[PDB]
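Read the figures in this text as sums done on the coordinates, not as results from a lab. A quick note on method: Cβ atoms are made from the backbone with ideal geometry, for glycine too, and the neighbour counts reach across all protein chains shown.
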Amino acid sequence: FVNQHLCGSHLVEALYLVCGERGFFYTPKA
Amino acid sequence: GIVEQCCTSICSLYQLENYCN
C-alpha cells in the first residue's frame, strides 16, 4: 500500500500505519 | 517535501519512514 501515489488522507493513513506508536509529522508545505 | 516525493511522484517505505518520529 506504500508504493503508489499517496495524497491527502491517503498519505496520512499510510504514515499512521507505517509509523505506528512512534507517531509522525505531516507537513504539506515544506 | 513529502507531497512531492509521495503524492506527485510514487512513494516508498524508505521515504515514509523519514517522517516518523
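For the stretch B:7-21, give me each residue that is touching a strand residue (DSSP E or B) at 6+ places or on another chain (Cβ under 6 Å) and aromatic (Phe, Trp, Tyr).
Scanning the stretch B:7-21 gives a single hit, B:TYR19.
Within the stretch A:5-30, track down each residue that is within 16 Å of B:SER9 (Cβ to Cβ), facing another protein chain (nearest Cβ under 7 Å) and loosely packed, with under 13 Cβ neighbours inside 10 Å.
Taking the stretch A:5-30 and keeping what is within 16 Å of B:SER9 (Cβ to Cβ), we get A:5-8, A:10-11, A:14, A:28, A:30.
In the following step, the residues that additionally are facing another protein chain (nearest Cβ under 7 Å) were identified as A:5-7, A:11, A:14, A:28, A:30.
A:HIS5, A:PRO28, A:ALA30, listed by residue number.
Just to verify a result, which residue in the stretch B:11-21, among those that are under 8 Å from the mean Cα position of the chain (by Cα) and assigned to a loop (DSSP other than H, G, I, E, B), is surrounded by the most Cβ atoms within 10 Å (Cβ to Cβ)?
Step by step, filter the stretch B:11-21, then rank; the result is B:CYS11.
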